[PDB]
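Student:
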Amino acid sequence: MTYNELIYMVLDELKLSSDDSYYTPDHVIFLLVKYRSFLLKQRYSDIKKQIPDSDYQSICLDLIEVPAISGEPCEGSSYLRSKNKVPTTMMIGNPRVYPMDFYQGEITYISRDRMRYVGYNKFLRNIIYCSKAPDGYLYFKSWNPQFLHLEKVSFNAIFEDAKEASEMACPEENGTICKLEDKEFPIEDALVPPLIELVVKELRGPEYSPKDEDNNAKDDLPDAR
Amino acid sequence: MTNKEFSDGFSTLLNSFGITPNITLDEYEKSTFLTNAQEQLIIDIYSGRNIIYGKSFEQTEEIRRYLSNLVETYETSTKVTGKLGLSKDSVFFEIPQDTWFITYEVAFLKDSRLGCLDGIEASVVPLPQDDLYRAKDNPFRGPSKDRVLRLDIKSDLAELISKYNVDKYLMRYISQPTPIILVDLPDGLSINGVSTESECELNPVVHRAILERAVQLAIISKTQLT
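As they're listed, the protein sequences go chains C and D.
Going by PDB author numbering, the first residue of the first sequence is number 1, and it counts up by one from there.
Going by PDB author numbering, the first residue of the second sequence is number 1, and it counts up by one from there.
1) Quick check: what's the CA-CA separation for residue 206 (chain D) versus residue 14 (chain D)?
2) Check each candidate in D:150, D:56, D:158, D:66 and name the one with the smallest Cα separation from residue 203 (chain D).
3) For residue 3 (chain C), is the classification buried or exposed, using 16 other Cβ atoms within 10 angstroms of its Cβ as the cut-off for buried?
4) I'd like to know if the segment 178–196 of chain D and the segment 120–136 of chain D are in contact, where contact means that at least 3 CB-CB pairs between them fall below 8 Å.
5) In its own chain, which residues sit with a C-beta less than 6 Å from the C-beta of residue 57 (chain D), not counting the 5 before and 5 after it?
6) When we look at the beta-carbon of residue 93 (chain C) and count the other beta-carbons within 10 Å, is it buried (16 or more) or exposed?
7) How is the alpha helix (DSSP H) around residue 62 (chain D) delimited, first residue to last?
8) Got a sec: which bits of the segment 121–154 of chain D sit with their beta carbon under 9 Å from any beta carbon on chain C, in order along the chain?
9) Identify the contact partners of residue 121 (chain C) in chain D, using a Cβ-Cβ distance below 8 Å as the criterion.
10) Closer than 8 Å between beta carbons: that is the criterion. Which residues of the segment 128–151 of chain C meet it against chain D?
11) Provide the residue(s) that pair with residue 156 (chain C) in DSSP beta bridges, ordered along the chain.
12) With which residues is residue 10 (chain D) paired in a DSSP beta bridge?
13) Hey, is the segment 182–194 of chain C in contact with the segment 155–173 of chain C, meaning 3+ C-beta pairs nearer than 8 Å?
14) Looking only at DSSP bridge pairs, what is residue 150 (chain D) linked to?
15) Rounded to whole angstroms, how far is the Cβ of residue 162 (chain D) from the Cβ of residue 89 (chain D), which I believe are closer than 8 Å?
16) As an exercise, report each continuous beta strand (DSSP E) stretch of at least 3 residues that is fully enclosed by the segment 81–151 of chain C, in chain order.
17) Since residue 192 (chain C) is in the alpha helix (DSSP H), which residue starts that stretch and which ends it?
18) Would the beta-carbon of residue 128 (chain C) fall within 7 Å of that of residue 110 (chain C)?
19) Going by DSSP in three states, residue 171 (chain D) sits in which element: helix, strand or coil?
20) Pair every Cβ in the segment 40–55 of chain C with every Cβ in the segment 7–22 of chain D, then say whether three or more of these pairs are closer than 8 Å.
21) At a Cβ threshold of 7 Å, is residue 188 (chain C) touching chain D?
22) Within a Cβ cutoff of 8 Å, which residues of the same chain sit near residue 16 (chain D), ignoring the five residues on either side of it in sequence?
23) Where do the ends of the beta strand (DSSP E) carrying residue 105 (chain D) lie?
24) Against chain D, which members of the segment 13–36 of chain C pass a CB distance test of less than 7 Å?
25) Compute the Euclidean distance between the alpha carbons of residue 146 (chain C) and residue 35 (chain C), then round it to the nearest angstrom.
26) Give the interface partners of residue 4 (chain C) over in chain D, defined as CB-CB distance under 9 Å, in chain order.
27) Buried or exposed: where does residue 100 (chain C) fall if 16 or more other Cβ atoms within 10 Å of its Cβ makes it buried?
28) Assuming residue 98 (chain C) contacts residue 153 (chain C) (C-beta within less than 8 Å), just tell me the rounded distance between them.
29) With 7 Å as the threshold, decide whether the Cβ of residue 8 (chain C) is near any Cβ in chain D.
30) Check for me: the beta strand (DSSP E) holding residue 226 (chain D) runs from which residue to which?
31) Residues of the segment 177–201 of chain C in Cβ contact with chain D at a cutoff of 8 Å, in chain order, please.
32) Consult DSSP for residue 172 (chain C) and reduce its assignment to one of helix, strand or coil.
33) Can you have a look at residue 199 (chain C) and say buried or exposed, based on whether 16 or more other CB atoms are within 10 angstroms of its CB?
34) Can you tell which of C:203, C:190, C:222 has its C-alpha closest to the C-alpha of residue 39 (chain C)?
35) Helix, strand or coil, according to DSSP, for residue 92 (chain D) in the structure here?
Okay, structure coming up:
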């Protein structure tokens, strides 16, 4: 299913058909994307369960060498990092950066705190480690100077905001999909009715609520105007 | 009832030339009131706003038997070329121009994109202009292989918004009924553009109701200032 199908299921269950509606499809996209993460956390944070392939998304990154702090000689070894800021992953699935082949390569996505200290083990000096810095970028670290030649990677994870990760998908075979509405929404079909009814309950009450509808330099809501 | 019988019964119900005070109408006046009663009654019956029947266009056998003889089917393949629509994929079809209310309306599609489903009969959905923008992108209520949106526009036209090419346009509507003209009217006079005699095409069941309504309209016309 696509963003369009879910959006219009919500709009039609609310019957927000007219162009002169207070609640536009943008409200629906926002609520759907937030309730997706809400449900995914409620389902897959208590105890460890199998996560379906539907919850995952591959964002698609270009890496650039950057200094550790600045261009100084003693500021430490340099890192690669993604050109653009990366979405925050949720901590429930199998995050993975891979070199355009999911079935190949060993690039490890770890925590920020762990990545301060990695690679000291002599047998772990050739492993590339990844983590999202507080800057918002995905940083890479390794003790093997070869890692600085890496140009492109794909990052597959259950990203915390589906819209951000959908804007950064890799090109499909046909080509890029400009409209987010034509892209696929990242959630399992078993969790679609819960998500829809939560969003419809969210917007049902506000749908029929009054407005400050007179232009009289006055607040008209206490009068149910 | 025939035209002679409309006139004789109309006179009998109005007590024309009886001893008591009464009302006498010319055959043109009779035709005017009969046609007005006919059109009022069938519009009220279609919309279901008649309190006596309280039923809509085909909601019971009675109303079916009443308005069965106005139901006309129409088919067209010609598209009006130069007109301004609300979408790139909008085609315009002329309306028969004797249409009163469109009751069934369906569209056959001829396009190679919908493979092995070619010639699919598609439901033409009348859509308001509020709903149009949010229905172009709608995958459940918008245009598709099995659904076409129809909008009314100027000059008796139907703008059909479809995703696939529209080949044929089928309709079934309620027609302008023939007026009830009891006499060959003189030069200049006519009812609904008809000067010669015109019999009611509906069934004789509703002719007596039309007569009653016409009599009441006549009494209203003569006794609205007294």
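Even for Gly, the Cβ is constructed at its ideal location relative to N, Cα and C.
Tutor: In this structure, then:
1) 19 Å
2) D:66
3) buried
4) no
5) 46
6) buried
7) 61–67
8) 128, 129, 130, 131, 132, 133, 134, 135, 137, 138, 139, 140, 141, 142
9) Neighbours of residue 121 (chain C) on chain D: none; closest Cβ ~53 Å, over 8 Å.
10) none
11) C:58, C:96
12) DSSP, once it has assigned bridges, lists no residue as partnering residue 10 (chain D).
13) yes
14) D:126, D:160
15) 6 Å
16) 96–98, 107–109, 128–132, 138–141
17) 192–207
18) no
19) strand
20) no
21) no
22) 22, 23, 24, 25
23) 99–109
24) 17, 18, 19, 20
25) 42 Å
26) 137, 138, 139
27) exposed
28) 7 Å
29) yes
30) Premise fails: residue 226 (chain D) is in no beta strand (DSSP E) and is neither H nor E.
31) 181
32) coil
33) buried
34) C:190
35) strand
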